[PDB]
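First comes one chain, alone, set out as structure tokens in the form deposited in one PDB entry.
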């Protein structure tokens, strides 16, 4: 297994089959406790909780008295990232017999949604209890689960109420990617490509090479009794952990974290308009394409560089323009006026944007100051 230290500690454990042969075991020995609370939605749970309850029983049998495994399932969707669901899980935990104590270890089994909710639930339960991250979406494995940022949503916006509570462990089991819907896998790929583009040319080239292969496995129908990523196993692990590693690196450090926002400046503006029909990664993809175009316009990025960005994103199934087909269909031709975008970008004179002087090489070691008029030029 591959370990990626984060914040001066071992937190991340990444490899195939962790949820089957490792997690349970490791939790009982490194996260000693009498109460383990697994949280997940009905989609990912029905697929993975059974194998775990069993794997759990085997490890708990050897310990006495036997540690209990409590499970909580919530409806899928970001509808659970609410004040209501959090209170529930809390009252449910307090209603257990005996009530779940401060020794509780919470297991966040899911994506960004389950992740933020559970992480925040843990941070405040009796003023905080330990918890581990078990990212099931690609976007969660390389980004959302690394960092400790947790929160829920309110009818006035996303992530408005939450906390920064570092998970004790972060289990990255690449096998979760075997059942992850194709669209979701592609969505996460945006951040992976983003990470490379702001840190390593060689890594961005690896992504360029592997694209065809990865996408073949991600789409090919897999007959029961086989692994979706049969021969590409090592390639996938390398490309995905590279991103996770970077996120972990940045999180362990000032202006280095701003770079994690490349493509997000414009990206966020687009999403504010096209969500929830269009996904985060899908919007960031178009965001990277434009911010790259902005870098070119400002004379900081070369034409050749800009093309590969687009080419590489497309190669993975990500949208590169607001004019894309799918997007236009999924959003019945919604339109992002150059103004509404500049309005949104401000909801966050001049704008701060991450510019690239070349693939793998950031212009400044932080978000560069850019003038509005210069931004408005790449928004059409």
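Between two forms, the rigid core is the largest collection of C-alphas that superpose within 1.5 Å. Numbering follows the first chain given and starts at 1.
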item	value
Deposited residues lacking coordinates between residue 253 and residue 254 (none, 1 to 3, 4 to 9, 10 or more)	4 to 9
Residue 348-residue 349 interval: deposited residues absent from the model	4 to 9
Average Cα temperature factor in the PDB entry - higher stretch of 222-230, 239-247	222-230
Stretch with the higher entry mean CA B-factor, where the candidates are 202-210 and 254-262	254-262
Residue with maximal Cα B-factor (values as given in the PDB entry) among 313, 47, 336, 38	336
132, 304, 186, 172, ranked by C-alpha B-factor: the highest one	304
Within-chain third of residue 217 by Cα B-factor, per the entry	middle
Entry-reported Cα temperature factor of residue 82, expressed as the chain third it lands in	middle
Ranked against its chain, the third holding the CA B-factor of residue 194	lowest
Ranked C-alpha temperature factor of residue 370 among modelled chain residues, by third	highest
Residue 296 CA temperature factor, ranked by third within the chain	middle
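There is another form of this protein, the form deposited in another entry, and it is not shown here; the text below is about that form.
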{"property": "Listed options 304, 238, 160, 222; Cα moving by 2 angstroms or more between this form and the one not shown (core superposition)", "result": "160"}
{"property": "Large Cα move at residue 191 between this form and the one not shown, threshold 2 Å, rigid core", "result": "no"}
{"property": "Displaced residue check between this form and the one not shown: residue 128, CA, 2 Å or over, core reference", "result": "yes"}
{"property": "Exceeds or equals 2 Å, Cα of residue 26 between this form and the one not shown, core fit", "result": "yes"}
